Amino acid sequence: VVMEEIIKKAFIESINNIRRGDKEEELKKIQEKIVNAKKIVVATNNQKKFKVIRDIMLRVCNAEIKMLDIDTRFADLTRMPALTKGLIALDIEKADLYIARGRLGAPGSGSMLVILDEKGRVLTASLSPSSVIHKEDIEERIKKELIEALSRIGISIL
Amino acid sequence: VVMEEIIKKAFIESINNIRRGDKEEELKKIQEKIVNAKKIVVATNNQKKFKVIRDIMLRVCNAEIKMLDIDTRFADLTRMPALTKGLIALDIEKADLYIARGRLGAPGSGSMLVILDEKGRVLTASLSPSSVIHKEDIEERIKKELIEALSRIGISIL
Amino acid sequence: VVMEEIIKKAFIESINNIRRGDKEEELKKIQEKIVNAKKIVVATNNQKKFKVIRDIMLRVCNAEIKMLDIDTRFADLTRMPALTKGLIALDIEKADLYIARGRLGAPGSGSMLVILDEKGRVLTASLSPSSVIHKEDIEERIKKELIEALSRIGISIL
Amino acid sequence: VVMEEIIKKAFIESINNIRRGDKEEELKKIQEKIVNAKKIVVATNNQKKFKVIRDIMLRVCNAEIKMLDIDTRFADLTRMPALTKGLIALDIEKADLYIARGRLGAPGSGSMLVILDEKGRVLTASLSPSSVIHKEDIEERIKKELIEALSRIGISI
Ligand SMILES: Cc1c(O)nc(CC(=O)O)c(C)c1OP(=O)(O)OC[C@H]1O[C@@H](n2cnc3c(=O)[nH]c(N)nc32)[C@H](O)[C@@H]1O
Ligand SMILES: Cc1c(O)nc(CC(=O)O)c(C)c1OP(=O)(O)OC[C@H]1O[C@@H](n2cnc3c(=O)[nH]c(N)nc32)[C@H](O)[C@@H]1O
Ligand SMILES: Cc1c(O)nc(CC(=O)O)c(C)c1OP(=O)(O)OC[C@H]1O[C@@H](n2cnc3c(=O)[nH]c(N)nc32)[C@H](O)[C@@H]1O
Ligand SMILES: Cc1c(O)nc(CC(=O)O)c(C)c1OP(=O)(O)OC[C@H]1O[C@@H](n2cnc3c(=O)[nH]c(N)nc32)[C@H](O)[C@@H]1O
């Protein structure tokens with residue numbers, strides 16, 4: 001069953017007041033989309049971030065993985081910058097999966113890393129506390145963020 | 001300074017490539033908006049979810065706290081249901097803060113609790129894994145979500 | 001060239017501040033997307049709305065055109081109901097093009113017809129005044145809306 | 001009523017499947033928000049665009065009307081740049097209304113002018129064809145878009 005047919009079913013359940021939350025078939029399709037991704041685009045031009053992401057993703061799938069040629073810092077003027085960055089990458093590059101990391105919402109709100117599919121659907125995300133608070137190396141932070149975004153949909157890096 | 005003037009500064013930084021993450025003034029402003037709120041709307045008609053949220057928020061601020069008299073489950077046909085739920089409350093109720101909890105993304109993607117201000121800005125949020133995995137009492141889940149959403153922007157419940 | 005490449009050039013212009021509005025290549029690519037579409041989904045379960053749009057779209061392309069099995073009225077709790085209806089159709093059906101027609105914005109704001117591409121991108125659109133004013137048959141309104149949305153990107157129905 | 005209550009009424013009609021389009025009260029309320037605005041922000045730092053919009057809006061209301069100090073062209077990397085410009089101005093300026101004009105959607109998709117209220121709700125909008133086609137002066141174009149955006153919610157200059 002294709003993702004669209006799985007989502008159709010969820011939407012019908014919601015409309016008709018029988019939706020009881022996420023279902024096993026749905027989680028499985030999510031996992032499948034990530035693990036089976038053949039091409040992955042990371043919505044950054046910052047080589048530091050890219051390498052942390054790429055190395056982890058290589059433990060889970062057999063995709064070609066690349067970053068962007070433009071600076072996505074301008075997403076930082078939007079309401080939800082991490083998400084904006086993911087849709088910028090979706091507009092300019094064809095891929096199976098898009099991974100973005102940046103600010104969650106307003107200045108002050110900490111960070112969000114998000115994984116989108118090829119139509120811009122939010123498959124998974126994870127957040128860190130504002131760097132003003134945690135003060136960890138950005139490298140260690142992104143690593144923890146990616147790993148938690150995967151574990152929360154049943155994907156272990158082993 | 002006013003929130004709008006704080007955000008203008010952040011935006012100027014990003015436009016001109018000198019933005020080095022969240023700043024103290026920015027964190028402080030968010031905490032202030034939450035701690036000083038006079039009216040809070042919880043973006044549900046579900047009594048159980050409301051009570052859990054309210055009892056916590058009364059530990060941190062002195063607001064009148066109320067829930068909605070419409071079912072926001074129809075948000076579940078949109079891309080980011082939890083955010084959609086916040087913006088429905090924003091459209092139909094006047095408050096200083098809006099709290100919503102729902103599915104993060106596509107079916108299977110787990111949960112998001114989000115706090116929005118007076119103009120729909122994302123102030124903070126937290127996520128839980130797909131209920132398919134964690135399998136916890138929802139009321140215990142929402143407690144953990146709200147406390148982490150507060151703690152990641154410097155607000156302690158104790 | 002591929003749409004992604006075209007958009008990348010535009011974004012590059014914008015970043016550098018040499019963007020002087022839409023380009024012939026961009027118009028040509030939009031036209032191509034529409035005229036060459038093989039499958040079109042109308043984001044509605046309303047047979048009247050469907051028939052109007054179908055018969056017009058058949059004058060411009062050789063697609064299979066269908067509607068949905070679910071009522072996309074629930075998009076009418078969101079900020080931008082017409083756009084929300086398009087993104088619901090995108091989530092539940094595969095197609096080259098999605099056409100949605102509903103309320104522009106807040107209650108009282110009149111109507112929007114919008115055409116999206118297979119990744120959710122906005123190709124063209126058109127509006128009618130609020131029905132409280134114009135008082136015309138819905139089918140006559142949708143016909144005029146569609147024909148406008150097509151002529152403003154250089155597509156003639158004649 | 002307050003706008004929030006008029007909106008709840010409308011949403012309730014929708015949930016129950018009895019919504020039969022816009023209503024006179026909702027249209028009145030939109031007109032009211034526009035004509036009675038005391039402050040308006042034009043979401044641009046472009047003087048020519050600002051001036052065309054200001055001179056028209058001064059015929060409809062008695063507001064203070066101002067533009068931004070930042071270039072909102074960075075909106076042009078998002079899916080719907082005109083709307084994004086609106087919500088940038090909302091984030092950095094208090095006002096009763098916000099007016100933005102820029103590209104509707106994808107490169108090549110033509111223009112949109114939009115008017116948002118103080119919570120970012122979409123009150124009205126208007127579109128022009130791709131400039132590649134109409135080939136008009138941008139100032140004539142914006143005059144026509146604002147006028148149509150006002151006239152479609154019952155506001156005559
Ligand atoms: C509608 C919906 C959905 O499809 N998926 C999720 C993700 C997930 O299941 O983790 C959520 C949170 C959701 O939204 P909502 O907060 O409205 O949850 C709807 C229903 O889905 C089940 N559910 C949601 N979150 C939890 C949870 O944390 N624990 C348990 N036991 N059930 C849950 C409950 O029956 C609940 O009434
Ligand atoms: C632009 C931006 C922002 O204003 N705030 C935040 C939230 C926060 O500061 O916690 C983020 C994540 C952000 O986006 P981006 O991922 O582009 O990070 C921007 C810059 O802000 C700093 N920064 C962001 N996240 C971290 C972190 O986890 N650790 C450290 N040390 N610095 C960080 C770095 O200078 C980094 O290059
Ligand atoms: C950045 C941008 C774009 O890529 N496409 C469009 C649609 C279109 O070209 O029809 C617009 C409106 C736009 O946004 P903005 O209002 O910021 O226009 C950017 C530049 O694009 C040109 N332009 C935009 N609207 C018009 C117009 O109505 N007439 C003419 N001659 N040029 C125009 C001008 O050079 C202008 O400085
Ligand atoms: C839900 C909704 C709404 O509240 N307002 C508007 C703006 C407006 O009233 O002008 C629209 C377009 C709408 O969405 P939708 O296309 O789903 O219409 C819902 C119903 O609202 C009435 N309606 C909408 N557009 C027209 C129109 O162009 N002509 C007429 N006569 N009725 C209309 C019809 O009863 C229709 O069944």
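First the proteins, then the strands, lettered A, B, ... as listed; each starts at 1.
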Between OG1 on residue D:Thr44 and CZ on residue D:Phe50, distance to nearest 0.5 Å:
9.5 Å

When D:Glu118 is tested against each of D:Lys94, D:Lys38, D:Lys33 for salt bridge (charged side-chain N to carboxylate O under 4.0 Å, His left out), which residue passes?
D:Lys33

Considering only heavy atoms from C-beta outward, does the side chain of B:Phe11 approach that of D:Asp91 to under 4.5 Å?
yes

Pair D:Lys66 + D:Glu93, salt bridge at N-O below 4.0 Å:
yes

Can a salt bridge be assigned to the pair C:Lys85 and C:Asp76 using a cut-off of 4.0 Å between side-chain N and carboxylate O?
yes

When every non-hydrogen atom of D:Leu97 is compared with those of D:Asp117, the smallest separation belongs to CD2-CA, 4.4 Å

Salt-bridge criterion met for D:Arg141 and D:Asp137 (N-O under 4.0 Å):
no

Note, C:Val2 side chain near C:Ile6 side chain (heavy atom, < 4.5 Å):
no

Close side-chain approach of C:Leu146 and C:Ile157, heavy atoms under 4.5 Å:
no

Taking all non-hydrogen atoms of both residues into account, name the closest pair between C:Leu123 and D:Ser109 and its distance.
O-CB, 3.2 Å

Do D:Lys28 and D:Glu32 pass the salt bridge (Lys or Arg N to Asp or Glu O under 4.0 Å) test, and can you show the C-alpha distance, the side-chain angles, and the key distance before you say yes or no?
CA-CA 6 Å; D:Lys28 131 261 149 23; D:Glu32 193 188 311; 2.5 Å; yes

Just verifying a value: how many Å separate D:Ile53 CD1 and D:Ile99 CD1, rounded to the nearest 0.5 Å?
6.0 Å

Looking at D:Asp96 and D:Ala37, would you say the former's side chain and the latter's main chain have a donor-acceptor pair under 3.5 Å?
no

Distance-only, no hydrogens or angles: does the C:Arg103 side chain make a donor-acceptor pair with backbone N or O of C:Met80 under 3.5 Å?
no

Please give me the minimum heavy-atom distance between C:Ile133 and D:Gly154, naming the atom from each residue.
CD1-N, 3.8 Å

State, yes or no, whether a side-chain contact exists between C:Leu150 and C:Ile34 at a heavy-atom distance under 4.5 Å.
yes

Could you go step by step and tell me if D:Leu90 and D:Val41 meet the side-chain contact (heavy atoms from CB on, under 4.5 Å) rule?
CA-CA 8 Å; D:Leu90 179 73; D:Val41 160; over 6 Å; no

Are the side chains of D:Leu83 and D:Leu104 in contact, using a 4.5 Å heavy-atom criterion?
no

Begin from the C-alpha positions of D:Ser131 and D:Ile138 and carry the test side-chain contact (heavy atoms from CB on, under 4.5 Å) through to its verdict.
CA-CA 9 Å; D:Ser131 55; D:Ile138 191 168; over 6 Å; no

Among side-chain atoms of C:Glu145 and C:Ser128, is any donor-acceptor pair under 3.5 angstrom?
yes

Side chains of D:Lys51 and D:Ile142: does their closest heavy-atom pair fall under 4.5 Å?
no

Taking NZ, NE, NH1 and NH2 as the nitrogens, is one of them in C:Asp55 or C:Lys143 under 4.0 Å from a carboxylate oxygen of the other?
no

D:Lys29 NZ to D:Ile7 CD1 distance, which is reported to the nearest 0.5 Å
9.5 Å

CE (C:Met112) and CZ (C:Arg101) are apart, to the nearest 0.5 Å, by 11.5 Å

Nearest-0.5 Å distance that lies between atom CD1 in B:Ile15 and atom CZ in A:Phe74:
8.5 Å

Report yes if some heavy atom in the side chain of A:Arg121 is under 4.5 Å from a heavy atom in the side chain of A:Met3; otherwise report no.
yes

Might you point out which heavy atoms bring C:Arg79 and B:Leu87 nearest each other, and give the distance in Å?
NH2-O, 4.4 Å

Sidechain-backbone polar pair: D:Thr72 side chain, D:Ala43 backbone, donor-acceptor under 3.5 Å:
yes

Compare all side-chain heavy atoms of C:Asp69 with those of C:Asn45 and state whether any distance is below 4.5 angstrom.
no

Please walk me through it: do C:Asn17 and D:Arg73 pass side-chain contact (heavy atoms from CB on, under 4.5 Å)?
CA-CA 8 Å; C:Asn17 205 17; D:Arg73 76 178 198 270; 3.3 Å; yes

Please lay out, stage by stage, how D:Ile155 and D:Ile157 fare under the test side-chain contact (heavy atoms from CB on, under 4.5 Å).
CA-CA 7 Å; D:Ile155 290 186; D:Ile157 169 181; over 6 Å; no

For D:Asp22 and C:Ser130, which I'm curious about, is there any donor-acceptor pair between the side chains at under 3.5 Å?
yes

Heavy atoms only: give me the nearest A:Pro81-A:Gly105 pair and the separation to one decimal.
CD-O, 3.7 Å

Assess, by modelled atom type and distance only, whether the side chains of C:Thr124 and C:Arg152 contain a donor and an acceptor separated by less than 3.5 Å.
yes

Verify, without hydrogens or angle tests, whether D:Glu26 (side chain) and D:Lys23 (backbone) share a donor-acceptor contact under 3.5 angstrom.
yes

Within the supplied structure, the quantity of interest is the number of heavy atoms (other residues, nucleotides, ligands) at a distance under 6.0 Å from D:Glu24 CD; does it exceed 12?
no

For the atom pair NZ (A:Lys8) and CD1 (C:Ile88), what is the distance rounded to the nearest 0.5 Å?
13.5 Å

Shortest non-hydrogen contact from D:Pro107 toward C:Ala10
CG-CB, 3.7 Å

If you measure from the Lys or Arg side-chain nitrogens to the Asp or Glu carboxylate oxygens, is any gap between B:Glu4 and B:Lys119 under 4.0 Å?
yes

Give a yes or no on whether a salt bridge exists between D:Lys49 and D:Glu139, defined as a side-chain N under 4.0 angstrom from a carboxylate O.
no

Do other residues, nucleotides or ligands put more than 12 heavy atoms under 6.0 Å from the CG atom of D:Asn62?
no

Could you tell me whether the side chains of D:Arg19 and D:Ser14 share a donor-acceptor contact shorter than 3.5 Å?
no

